[PDB]
Amino acid sequence: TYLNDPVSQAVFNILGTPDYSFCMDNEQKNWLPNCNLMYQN
Amino acid sequence: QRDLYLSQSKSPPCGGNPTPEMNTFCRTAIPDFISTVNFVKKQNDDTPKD
Amino acid sequence: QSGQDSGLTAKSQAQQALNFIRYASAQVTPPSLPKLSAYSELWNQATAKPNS
């Protein structure tokens with residue numbers, strides 16, 4: 001489900017769009033097989 | 001350093017998806033370095049028994 | 001309307017206006033949030049226990 005108002009939706013997009021590094025290992029070298037996170041890329 | 005890593009278990013390096021060698025370092029402890037040096041045993045190993 | 005089989009596409013005039021708003025408001029490129037490793041390193045120092 002998503003937020004009720006488009007402006008609050010935009011604010012949540014600005015605040016809570018994780019970096020692509022969160023879908024990779026701590027060495028920032030290889031990707032992960034599964035990642036439900038919607039990173040910026 | 002290993003105690004710091006242990007107290008940082010949730011976060012990297014011991015957390016997340018560590019590299020296999022980083023995971024190995026995180027798990028295994030370090031032995032005492034002094035006890036690993038023994039001149040008599042080393043010389044006996046080098047010298048043939050005969 | 002059915003224009004693009006892939007990517008962000010609008011199927012109605014209202015959705016066309018909404019997509020224009022998304023494009024003009026620079027919402028298709030989100031800001032860059034901190035790296036996982038760097039943020040973990042910084043936060044671990046930041047939330048440090050008192051003299052421990």
# chains A, B, ... in the order shown; residues from 1 in each chain; ligands from 1
>>> residues_around(residues="region 6-19 of chain C", least_positions_apart="5", cutoff="10 Å", atoms="only C-alpha atoms", output="count of residues only")
6
>>> closest_atom_pairs(of="chain C", to="chain B", cutoff="8 Å", atoms="only C-alpha atoms", output="JSON lines")
{"residue": "C:37", "atom": "CA", "partner": "B:12", "partner_atom": "CA", "distance": 6.8}
{"residue": "C:40", "atom": "CA", "partner": "B:11", "partner_atom": "CA", "distance": 6.0}
{"residue": "C:41", "atom": "CA", "partner": "B:12", "partner_atom": "CA", "distance": 7.9}
{"residue": "C:44", "atom": "CA", "partner": "B:8", "partner_atom": "CA", "distance": 7.3}
>>> interface_residues(of="chain C", to="chain A", cutoff="7 Å", atoms="only C-alpha atoms", output="PyMOL selection string")
chain C and resi 30-37
>>> write_last_selection(atoms="C-alpha atoms", output="compact mmCIF listing (two decimals), in the first residue's frame")
# COMPACT_ATOMS: atom_id res chain seq x y z
CA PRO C 30 15.86 10.47 -6.45
CA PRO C 31 18.66 11.87 -4.28
CA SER C 32 21.70 9.80 -3.37
CA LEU C 33 21.39 8.36 0.13
CA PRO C 34 24.49 7.39 2.16
CA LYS C 35 26.51 4.31 1.31
CA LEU C 36 25.86 1.31 3.55
CA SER C 37 29.50 0.89 4.60
>>> select_by_dssp(residues="chain A", states="alpha helix (DSSP H)", output="number ranges by chain")
A: 6-15
>>> atom_distance(atom1="CA of residue 28 (chain B)", atom2="CA of residue 42 (chain B)")
25.8 Å
